[PDB]
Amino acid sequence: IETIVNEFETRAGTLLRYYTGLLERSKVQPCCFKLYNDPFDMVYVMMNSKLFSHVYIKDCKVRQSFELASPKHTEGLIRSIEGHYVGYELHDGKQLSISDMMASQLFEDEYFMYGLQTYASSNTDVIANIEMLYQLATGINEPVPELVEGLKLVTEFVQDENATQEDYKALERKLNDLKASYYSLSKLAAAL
């Protein structure tokens, strides 16, 4: 596990550069690295021309990583680069910084929740959702602990316990606790 040093203002950028860098080499030989002082503490794997990532969980055996990029699909990485500077306009008018964009996907997606339940545009596919959370995460410098803990609990839950209804609802209260500190209640309230 090479830890490599950041060469851009965004992790998404350093990741885009190595991804193309290592793309060829990766078809014959899996590469594997960390970024220095990654606030999200991800392990990155280049295998077979794809980039994968999972936040590191100590207790937990990881049997499941998440795709950051494929050859014809780098727009995830690129969009976190742009998004990191100017956030995101949703099609119904509004504007979200990359952190609120991620907080939204993590805490205000009932389709996502529903899919987590069921585990043990609007998507309902748990892995797709997480992958996209991962992509946002690579554009965010100094994330509030609730994005960090949020991404870790979701990525843990899916490393299967053949997870039970109990593990799901334990998770659904934890995320609510975090949705609670992340957003001021009185703001959730004016959003209906």
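For every residue, the number given is its place in the sequence shown, counted from 1.
- In the deposited sequence, the stretch from residue 120 to residue 121 hides 10 or more residues that have no coordinates.
- Taking the mean C-alpha B-factor of each stretch as recorded, 161 to 169 and 43 to 51 are not equal, and the higher mean is that of 161 to 169.
- Legend: mean Cα B-factor per stretch from the PDB entry, 108 to 116 versus 72 to 80; the higher mean is in 108 to 116.
- Compared with the other modelled residues of the chain, the Cα B-factor recorded for residue 12 ranks in the lowest third.
- When all modelled residues of the chain are sorted by CA temperature factor, residue 65 is found within the middle third.
- When the modelled residues of the chain are ordered by their C-alpha B factor, residue 98 lands in the lowest third.
- Split the chain's modelled residues into thirds by C-alpha temperature factor. Residue 30 is in the highest one.
- Ranked against the other modelled residues of its chain, the C-alpha B-factor of residue 59 as given in the entry falls in the highest third.
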